[PDB]
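Computed over heavy atoms, backbone and side chain alike; hydrogens, waters and symmetry mates excluded. By convention in this document, chain letters (A, B, ...) are assigned in the order of the sequence lines, proteins followed by strands, and residues within each chain are numbered from 1.
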Amino acid sequence: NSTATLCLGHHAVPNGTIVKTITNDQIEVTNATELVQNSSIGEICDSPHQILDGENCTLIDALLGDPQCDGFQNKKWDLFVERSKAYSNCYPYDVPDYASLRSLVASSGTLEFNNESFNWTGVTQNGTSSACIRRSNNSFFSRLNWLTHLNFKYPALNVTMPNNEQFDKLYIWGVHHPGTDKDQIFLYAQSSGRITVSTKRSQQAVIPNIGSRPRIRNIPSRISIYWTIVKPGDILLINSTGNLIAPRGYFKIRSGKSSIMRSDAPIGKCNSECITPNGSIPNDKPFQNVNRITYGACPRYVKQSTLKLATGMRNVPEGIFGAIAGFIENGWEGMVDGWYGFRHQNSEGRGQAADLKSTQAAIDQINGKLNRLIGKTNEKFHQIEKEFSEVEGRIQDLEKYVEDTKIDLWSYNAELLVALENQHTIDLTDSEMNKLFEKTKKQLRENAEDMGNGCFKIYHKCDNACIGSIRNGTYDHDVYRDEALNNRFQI
Amino acid sequence: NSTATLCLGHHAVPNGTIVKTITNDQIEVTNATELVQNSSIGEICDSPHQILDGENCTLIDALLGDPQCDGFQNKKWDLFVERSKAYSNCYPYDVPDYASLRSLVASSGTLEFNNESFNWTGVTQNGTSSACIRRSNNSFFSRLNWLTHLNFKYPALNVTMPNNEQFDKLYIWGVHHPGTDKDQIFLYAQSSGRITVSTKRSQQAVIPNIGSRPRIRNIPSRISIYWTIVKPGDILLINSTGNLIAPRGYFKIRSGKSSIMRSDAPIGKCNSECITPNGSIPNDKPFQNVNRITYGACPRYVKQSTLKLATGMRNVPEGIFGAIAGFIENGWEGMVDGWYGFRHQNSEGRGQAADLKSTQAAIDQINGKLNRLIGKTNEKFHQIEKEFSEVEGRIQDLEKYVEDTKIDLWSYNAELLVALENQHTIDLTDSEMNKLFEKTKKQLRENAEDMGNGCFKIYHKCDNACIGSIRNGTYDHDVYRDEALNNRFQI
Amino acid sequence: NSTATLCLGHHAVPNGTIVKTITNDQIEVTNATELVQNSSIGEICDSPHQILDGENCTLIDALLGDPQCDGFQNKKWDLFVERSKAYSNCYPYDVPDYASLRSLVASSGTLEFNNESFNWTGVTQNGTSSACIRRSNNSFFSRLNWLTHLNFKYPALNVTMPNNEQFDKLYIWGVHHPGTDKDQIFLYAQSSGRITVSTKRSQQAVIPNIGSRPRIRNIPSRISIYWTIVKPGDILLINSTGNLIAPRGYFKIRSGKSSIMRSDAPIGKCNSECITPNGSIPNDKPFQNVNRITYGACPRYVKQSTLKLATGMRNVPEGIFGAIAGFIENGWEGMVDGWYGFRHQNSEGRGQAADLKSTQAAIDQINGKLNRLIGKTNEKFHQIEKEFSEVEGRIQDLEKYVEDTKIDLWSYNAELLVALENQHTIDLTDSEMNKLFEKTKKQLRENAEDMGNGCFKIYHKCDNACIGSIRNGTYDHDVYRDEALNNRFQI
Ligand SMILES: *[C@@H]1O[C@H](CO)[C@@H](O[C@@H]2O[C@H](CO)[C@@H](O)[C@H](O)[C@H]2NC(C)=O)[C@H](O)[C@H]1NC(C)=O
Ligand SMILES: *[C@@H]1O[C@H](CO)[C@@H](O[C@@H]2O[C@H](CO)[C@@H](O)[C@H](O)[C@H]2NC(C)=O)[C@H](O)[C@H]1NC(C)=O
Ligand SMILES: *[C@@H]1O[C@H](CO)[C@@H](O[C@@H]2O[C@H](CO)[C@@H](O)[C@H](O)[C@H]2NC(C)=O)[C@H](O)[C@H]1NC(C)=O
Ligand SMILES: *[C@@H]1O[C@H](CO)[C@@H](O)[C@H](O)[C@H]1NC(C)=O
Ligand SMILES: *[C@@H]1O[C@H](CO)[C@@H](O)[C@H](O)[C@H]1NC(C)=O
Ligand SMILES: *[C@@H]1O[C@H](CO)[C@@H](O)[C@H](O)[C@H]1NC(C)=O
Ligand SMILES: *[C@@H]1O[C@H](CO)[C@@H](O)[C@H](O)[C@H]1NC(C)=O
Ligand SMILES: *[C@@H]1O[C@H](CO)[C@@H](O)[C@H](O)[C@H]1NC(C)=O
Ligand SMILES: *[C@@H]1O[C@H](CO)[C@@H](O)[C@H](O)[C@H]1NC(C)=O
Ligand SMILES: *[C@@H]1O[C@H](CO)[C@@H](O)[C@H](O)[C@H]1NC(C)=O
Ligand SMILES: *[C@@H]1O[C@H](CO)[C@@H](O)[C@H](O)[C@H]1NC(C)=O
Ligand SMILES: *[C@@H]1O[C@H](CO)[C@@H](O)[C@H](O)[C@H]1NC(C)=O
Ligand SMILES: *[C@@H]1O[C@H](CO)[C@@H](O)[C@H](O)[C@H]1NC(C)=O
Ligand SMILES: *[C@@H]1O[C@H](CO)[C@@H](O)[C@H](O)[C@H]1NC(C)=O
Ligand SMILES: *[C@@H]1O[C@H](CO)[C@@H](O)[C@H](O)[C@H]1NC(C)=O
Ligand SMILES: *[C@@H]1O[C@H](CO)[C@@H](O)[C@H](O)[C@H]1NC(C)=O
Ligand SMILES: *[C@@H]1O[C@H](CO)[C@@H](O)[C@H](O)[C@H]1NC(C)=O
Ligand SMILES: *[C@@H]1O[C@H](CO)[C@@H](O)[C@H](O)[C@H]1NC(C)=O
Ligand SMILES: *[C@@H]1O[C@H](CO)[C@@H](O)[C@H](O)[C@H]1NC(C)=O
Ligand SMILES: *[C@@H]1O[C@H](CO)[C@@H](O)[C@H](O)[C@H]1NC(C)=O
Ligand SMILES: *[C@@H]1O[C@H](CO)[C@@H](O)[C@H](O)[C@H]1NC(C)=O
Ligand SMILES: *[C@@H]1O[C@H](CO)[C@@H](O)[C@H](O)[C@H]1NC(C)=O
Ligand SMILES: *[C@@H]1O[C@H](CO)[C@@H](O)[C@H](O)[C@H]1NC(C)=O
Ligand SMILES: *[C@@H]1O[C@H](CO)[C@@H](O)[C@H](O)[C@H]1NC(C)=O
C-alpha cells in the first residue's frame, strides 16, 4: 500500500473468428474479413456496361437477319447475352468454325451494316422461302441475297467490290445445298454449281453438295455460311456458276472491349461492374467462387469457398514476441475503447485506460494490408469459352487445361496470401503489445519491478495523477527514486 | 560458491543439413525433409485405378476391331496404357485428327458397343481381305462393315438410324480408297464413289481418292476413318454411291475421370494413387521431378531436383532475436531429450535438464507447416499431350508453351515457399529460445544478473531443489531476496 | 560529470527512396534498387546469337527461293529477323497454315537444301515466268520445278523418292491455279489437273482450281504451297495428272534453340543475351517492361513500370522491434562509415564511431536477397506468336488468353515478392539495431541505466579508452562496479 501496481494488457472479444496461418490451421482472432465473394443477386445489371439481351436470337441469327431478329439491326454492345431458349426460325444453316465467327463478331461489338450495290446482271435476285416468313410473307435472311436463274439461264458471274475505305469490311455469304438434282435445276438451271470468292490475300473455294439431310422444320436442304475480311486497298472477287447466297453489303468490324456471354439471368435496372452468368457480383473482394466466366472489373476465380483475412490480434479470453497469449495471460473483454491499455491499482482505487498510439499503430498496419487487397480488381473482357455443349477433342482439351491451370495457380496464391498475412498480423499485434510494455518499463527506471505477467510493481506512492503521468509520458522518475530505492532494497 | 550459475541453451547435432533461406543460400539446420519426389519404383500399380494394358494394340485399333484386339471388346478403364511396341495388323488406315478421336475415346473410358440393324438392301455385306486375317481366315475390322456390289450393281443408299435413347451415340465409319480404277469397279461397280453422312446439326461429305500409296504390309490402298456423335432425338443419315465402310452400331460415350498414357513400364500388383510413364510414385511430397505427365493424386511437377524444408533450428556446433547463433555461443550436442533447456552449476555439482514446453511449442509450429505441405496433393485425370512424335507447328507450339509456362510458375512457387518457410522456421526457433530466456530472467527478479551469454549469475545459495523450482516455475524470489541483494550490492 | 553517456544509433541519408511494403504503400528507405528493366538501346546485338537479317525477304520467300533471296541459300540461324518492309517479288503464292510452316522452319533454324534427282520422264521441266525475273531473265523459285507438257502431252506421273538416310527430310511443293481454261490447256494439255503426294503415313490430295483472282503485280493466277516430312525408311510418292509444282530436293530439318522475330530494330555490333523487337536489353534485372516478345536469357515480362527493392534500413532524418523509427528518435546523417554505431559524451569530449559487425550483418543479409534476384534469368527460345495482323477467332483467342494469363501471374509474383522482401528488410535492419543495443546493455551490467531513447547513462568516470573498451567488447564491469553502484543508489 506504500506501493502501486500497473498492468499492461490488450483487449479480447466474446465472439472470435477462426483463421488459418502458416503454422496453425485453426487460430482465433478478434475479427476477420471475407476475401472470397460467394454470392450473386441473381440479375445482370444493365449498367455501366451496354447490355444486349439476345432474347430469342443468337448473335449469328441477328447477324444473318432472321426476321425474328430484325430489331437488332445495327446495334452495338459491350456484352451480348445469349439465352438458352433461343432458336432459329429461318432457312436451316450451318457455319464451319461457327465458334470463330461468333467470337470475332462478339469481340467487334457491332452489327453496323452498309449496303453495297453489286452488279448481278443475268440472274434473279431476292430469292425467298416458306421456312423464313417475315411479316406473314415468305422471305429470307435480311443481309443475304438468294440468287436464282433468270429466264432459265445462269451465266458465270465475275463480280468485284473494292475496299476504297479507311476501315476493314466484313462480308458474310453462303452456299446452298439443295436436297435434289431436281431443285438444283429448278433454281440454278445448271446441274453442278460452284462458288469461288477471293481477295488479293485469300481464296475460298466451295463446291456445293446435293443430297438429303434430316429435316429441320421440314427442310432437308442446307446453307453453309462463310466469311471474308477485306482491308483498305484490297478487293473482293466473287465467281459463281450457281448456288451462291450473295451478301447485300459488309459489316463494319471494330476492336475494343466487347464480348458475349451465355446466361439465363434476367437483366436488372441496377449498376454493377462485374458480370457472371449467375448474375452481377460485387467486386470489393479480391477473389470469388461464383463463376470462372466473368466480364468486367471482377474478383479472380478461386476454388476455395471461403478465405478469412485476420483484421485483429489473437483472441485470448478468460506470437514471436511472447506477449499476447504469452506472458500476458489473457485479454480484457472490458476494454472497448482501445486494443492495448493500462490497468492500475493504487491508494485511490482500481482503473483501466486505453493507449491510443499503440492501438492506432496496429490498426494502421492492418488497414495497409486491406488497402492492398480491397477494391483493386482487374478488368477482363473477351476471353475464351469455358463451358462446352459438344465433344470436340484436342482444341477443347487445350482450352480446358489452360483454364484449370490458371485457376489452381490463383487458388494457390490466395491460400498462401492469407496464411502469410495472418501469421504476420498476429505477429505485428503481439509486437505492438511488447513495444508498449518495453517503453513503460524504461519509463519507470529503478522505481518499479517486472512481475513477469505484464504487471509492474511500483515501489512508491502513485496516485491517479502519477499513474496518468506514466500513461502520457510525463512521469519524472527522479521525483520518486529515493522513495522507491529505499522500498526496493530493504530487509 | 555463495552463488550459482544457470545457463539457458538449445540442442545441436553432429549431422546437420544445408537449406536455403531468403537471406542465405546455404545455412545449416538440425534437420530437414525433402519436398521433391525424385524416384519411381519402375512399375505401374494396378490399384486403385482400373488399368488397361494395350499391349500390342493402340486404343484406336481396339476401337476399330483389329483381330489382335478382340479381347478388348466392351472393356472399361480409368487409364489406358499404350505400349511403344504396338502395331496394326489389319487393313491400312488413317484418321484425320487422329489425336482428337484418340482423346475423346480415352476420356470416355469405355469400349461398350451396341450392334444396330441397318437396312443395307441392295449391296453385299461383310467384305473381307487377306491383310486382316482373324482366326486364320480372311476377315476385317470387327466393328466395321465393308460393303460391295450385289450382282454387279451398287444403288444409291439412303439409310437412317435415329437416336431414340437417353444417351449419346458414337458412330465410327470409313471411306475406302482403292489403288486402281480396276479395283473401284470390281468392288463397287461404279467408277466414282461418294459418301455423305449427316445429322440435324452436321454434314460430313467425303469424296474417295483412287490412287497408289506406298504399300503398308503390301497394301497400296487406304481407308480413312471418321466419327460422328448423335444425340437423343437426332438422327444419322448415310448416303453413299460407293466406297462406304459401314458401322455395325454405335459406341456408348461417357464422361468421367478416364484418360490414356504412353508408357513401357510393366504393370505391377501393388497400390499407388499417382501414375507417371516412369511408373507409379509416392504422393506424400508436394512436388515431384519424375515426369510432367501424371495421372491421379500426384505431386506437382517442378524443375528442381531437390528442395529441403527445414524441420529444426539453426545448427550451431562446438535469427532476428539474436539468441541462437547470437548471444548464445553454440548448441549442446549432449542434450538429446529436448530442443531447449537448462544447465546449472551449484554447491551440489553440475547439471542439465530439457525444457518440455518450449521444445513442444517449436515442434508444434513446425508440424503445422508440415501438415499444410505433406499429403495434400490434387487429382488430375485427362489433360493435354506433352510429348510429340511429329512436327505439327502452331497447335503443338501452343500446347508446349502452355505446359512450359505452368511448370515455371509452379517451380517458382516451390522455390519461394521453401525459402520463406525456412527463414520463418529459423526465426521462430530463435524466438522460442528468447522467450524461455526472458521468462527465466523475470522469474529471478533481483536475485540474479544476466552475464550476456545466456547465463545468469544467481546471487544466493541455490541447491538442486532450488534450481528445480526455477525450471518448473515455483521459485519464490522473496525467500532469497535479502541474501541476494546483500551479495549483489557489496564492496 | 562523474558520469558519461553512451548512445546507440543508426545512419540516415538526405536522399531517401520510397518503397512499398506489406503494411505500407509509401515508406522511405536509405537506398533501393530497380527490379524492372524499362529501356532498350534500340539495336539488336549480333552477339552472342547468330542473327539473320531477312531484310527484304520473309523466311518463306528465302525458303522457296525468290531471286531476291538467293543469298540466303543454306543459311543457319539462332534468330531470324523479319522486317516490315519485306515483300515478295516472284510468282504470287499462298500457304494454307502459313503460320505453322513459318514456325517449324524458324524452329529448325536452317535452310540446308539437298538436290534430288527425280525421274520426270514425259514432261517439260524448268518452267518460267515474267513475274519472277532473276538475273534480268525470266525465272522461277530456285527450289521449285515448274513442269509443263512435252510435245502437247502430259502423262500420269508416278514418281517415288525414298528416305534411306538417318535424318528427316522436309519437302516443299505446290499446286498451280491458272486464271483460264486456256492457260490450263496451254501449260498442261489436259483440262483438269490433280495432285496426290503420299508417304506410308499420310496423303495430301489437292484438286487445282481454275479461276481469276485480283491481280498481284498483274498476275491473276496463284500457287498454293504445301509441305510433307519423310522419315528414315519412309518414301515420298508423287502422283500428278497436271499442275504440279515439283520440288528439286529436300530441306534438312533440325531441332534446337532457333526461332524467328518481327522487328525493325537495326542490327548492332555488340554483345547482349536478351533480344526484344525493341532491341536488345540488359538482363541483370529479374523483370522487364519492354516487350512480352523475347529471345534468349531474358528478364520476365511484367505489367508494372517500376518495382523498387529496398537495400537499406528505414530512413529517419532530423519495425517490429521498435528501435528504428521507434525508441531511437532519428538516424545520424553524420555517420557515413557504418549503418549502426555509438555516440558518447565524457570528460574528454563528444565522439562517434561506427560498429562494423552489426553493419556487416545487415549488409550480408541484404546481399543474400540480391543474389537470389539479380543475374539469374532463364532462357526461352521459340515460343508462340503474341501479335497478330489478321482476325482469326478461336485459336488466336486462346493464344492471347494464354499469354495474358501468364503475364498477370508473373506480375502478381513480382509485386508480392517486393512487398514481402521490403517488409522483411525493414524488420531485419531494425532487428540488428536492437541486437546491438541489447548486447551493449548486458555488457554494462549494473554500471549503467537505459534512458529509454537508445542512450545509456553510465554511472562512472569513463574516458576515451573506457568507451573504446565498451565498443570492442573488452569492458570489464567489475572494475567500475563499486563506483557505479555508489553513484546509482544514493540520495
Ligand atoms: C432419305 O431417307 C430419309 C429418311 O427416310 C428421307 O427423309 C424423309 O422424307 C420424308 C418424305 O420424303 C419425310 O416425311 C421425312 O420427314 C423425311 N425424314 C427425314 C429424317 O428427313 C429422304 O427423303 C430420303 N432421300 C431421298 C432422296 O429419298
Ligand atoms: C507407282 O510407283 C510405285 C513405286 O514404284 C508402285 O508401287 C510399287 O508396286 C510394285 C508392283 O507394282 C511393288 O512391288 C512395290 O512394292 C510398290 N512400291 C511401293 C512403294 O508401293 C505403284 O504400283 C505405281 N503405281 C502405278 C499405278 O503403277
Ligand atoms: C473478273 O473480273 C475482274 C475484275 O474486272 C477481271 O480482272 C481484271 O482484268 C483486267 C483485264 O482483263 C485487268 O486490267 C484488271 O487489272 C483485272 N482486275 C483484277 C482485280 O484482277 C477478271 O479478268 C475477270 N475474269 C474474267 C474471266 O474475265
Ligand atoms: C462480434 O459481435 C459484435 C457485436 O454484435 C459485432 O459487431 C461483430 O461483427 C462480431 N464479430 C463477428 C466476427 O461476428
Ligand atoms: C472487423 O474488421 C473489418 C475490416 O477491418 C471492419 O470493417 C469491421 O468493422 C470489424 N469489426 C469490428 C467489430 O471491429
Ligand atoms: C420468344 O419466343 C417465344 C416462343 O417460344 C415467344 O413466345 C416470345 O414471344 C418470343 N419473344 C420475343 C421477344 O420475340
Ligand atoms: C430486292 O429486294 C430489296 C428489298 O428487299 C430491294 O431493295 C431491291 O431493289 C430488290 N431487287 C430487285 C431486283 O427486285
Ligand atoms: C445421296 O443420296 C440421295 C439418294 O440417292 C441423293 O441426294 C443422291 O442421289 C445421293 N448422292 C449422289 C451423288 O447420287
Ligand atoms: C453459378 O453457376 C454455376 C453453373 O454455371 C453453378 O455451378 C454455381 O453454383 C453458381 N454459383 C452461384 C453462387 O449461384
Ligand atoms: C499527463 O497526465 C497528467 C496527469 O493527469 C496531466 O496533468 C498532464 O496534463 C498530461 N500531459 C499531457 C501532455 O497530456
Ligand atoms: C542424423 O543422425 C541420426 C542418427 O543416425 C539420424 O537419425 C538422422 O536422420 C540424421 N540426420 C540427417 C539429416 O541425416
Ligand atoms: C527430421 O524431420 C522429419 C520431419 O519432421 C522427421 O520425420 C524426422 O524424424 C526428423 N529426424 C530427426 C532425427 O529428428
Ligand atoms: C505381341 O506381338 C508380338 C509380336 O511382335 C508377339 O510375339 C506377342 O505374342 C504379342 N502379344 C500378345 C499379348 O498378343
Ligand atoms: C455378316 O457377318 C456377321 C458376323 O460376322 C453376321 O452377324 C451377319 O449376319 C452377316 N451378314 C450377312 C449378310 O451374311
Ligand atoms: C495417280 O497415279 C496413278 C498412276 O497414274 C493412278 O492411281 C492414277 O492414274 C493417277 N490419278 C489419276 C487421277 O489419274
Ligand atoms: C522419367 O522419364 C523421362 C522420359 O520420359 C526421363 O527424362 C526421366 O529422367 C525419367 N525419370 C526417372 C526418375 O526415371
Ligand atoms: C518443482 O520443483 C520442485 C523441486 O524439485 C518440486 O519439489 C516440485 O514438486 C515441482 N513442482 C511441480 C509443479 O512440478
Ligand atoms: C543519394 O546521394 C548519393 C550522393 O550523390 C548517391 O550516391 C546515391 O545514389 C543517392 N541515392 C539515391 C537513391 O538517389
Ligand atoms: C544502393 O543499393 C545498391 C544495391 O545494393 C548499391 O549498388 C548502391 O551502391 C547503393 N547506393 C549507396 C549510395 O549505397
Ligand atoms: C530492299 O528493297 C528495296 C526496294 O524497296 C531496295 O531499294 C533495296 O536495295 C533492297 N535491299 C536489298 C538488300 O536487297
Ligand atoms: C533445269 O535447270 C536446272 C538449273 O536451273 C538444271 O540443273 C537442269 O539440268 C535443267 N533441266 C533441264 C531438263 O533443262
Ligand atoms: C469462275 O469465274 C471466271 C469467269 O467465268 C472463270 O474463271 C470461270 O468461268 C468460272 N468458274 C467456272 C467453274 O466456270
Ligand atoms: C517496345 O515496343 C512496343 C510495341 O511493339 C511498345 O508498345 C513499347 O512501348 C516499346 N518499349 C520500349 C521501351 O520502347
Ligand atoms: C579495445 O579497445 C581498447 C581501448 O582503445 C584497446 O586498448 C584494445 O586494444 C581494444 N581491443 C581489441 C581486441 O581491439
Is the shortest side-chain heavy-atom distance between [X] and [Y] below 4.5 Å?
X: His344(B); Y: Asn464(B); result: yes
X: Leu6(A); Y: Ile470(A); result: yes
X: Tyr480(A); Y: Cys466(A); result: yes
X: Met433(C); Y: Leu8(C); result: yes
X: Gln443(C); Y: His477(C); result: no
X: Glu432(B); Y: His10(B); result: no

Listing, residues 314-322 of chain A side-chain donor-acceptor contacts under 3.5 Å, not counting sequence neighbours, or none:
unit_1: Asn315(A); atom_1: OD1; unit_2: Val13(A); atom_2: N; d: 2.9
unit_1: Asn315(A); atom_1: ND2; unit_2: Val13(A); atom_2: O; d: 3.1
unit_1: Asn315(A); atom_1: ND2; unit_2: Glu28(A); atom_2: OE2; d: 3.3

*Output yes when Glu438(B) and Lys441(B) qualify as a salt bridge under the 4.0 Å nitrogen-oxygen rule, no when they do not.*
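Between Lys441(B) and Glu438(B) there is a salt bridge, with a charged N closer than 4.0 Å to a carboxylate O.
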
Whether over 12 other heavy atoms sit under 6.0 Å from [X] [atom1]:
X: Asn472(B); atom1: CG; result: yes
X: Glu329(B); atom1: CD; result: no
X: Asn1(C); atom1: CG; result: no

*Donor + acceptor pair across side chains of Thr21(A), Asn24(A) (<3.5 Å)*: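 No, no side-chain donor-acceptor pair sits under 3.5 Å.
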
*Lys/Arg cation over aromatic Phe327(A): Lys439(B), 6.0 Å, 45° cone*: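 The answer is no, since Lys439(B) fails at least one limit relative to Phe327(A).
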
*asked:* For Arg488(B) and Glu483(B): C-alpha separation, side-chain torsions, deciding distance, then whether side chain to side chain contact (heavy atoms under 4.5 Å, CB included) applies.
replied: CA-CA 9 Å; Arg488(B) 280 182 75 197; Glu483(B) 179 182 354; over 6 Å; no

Without placing hydrogens or testing angles, list every side-chain donor-acceptor pair under 3.5 Å for residues 454-461 of chain B, not counting sequence neighbours.
unit_1: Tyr459(B); atom_1: OH; unit_2: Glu449(B); atom_2: OE1; d: 3.2
unit_1: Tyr459(B); atom_1: OH; unit_2: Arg445(C); atom_2: NH2; d: 3.1
unit_1: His460(B); atom_1: NE2; unit_2: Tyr475(B); atom_2: OH; d: 2.8

_side-chain contact (heavy atoms from CB on, under 4.5 Å) partners of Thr359(C), counting only residues at least two apart_ =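 Only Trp339(C), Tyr340(C), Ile363(C) meet the side-chain contact (heavy atoms from CB on, under 4.5 Å) criterion with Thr359(C).
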
_Tell me if a side-chain donor or acceptor on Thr425(B) pairs with a main-chain N or O of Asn422(B) at a distance below 3.5 Å._
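Not a single qualifying donor-acceptor pair exists.
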
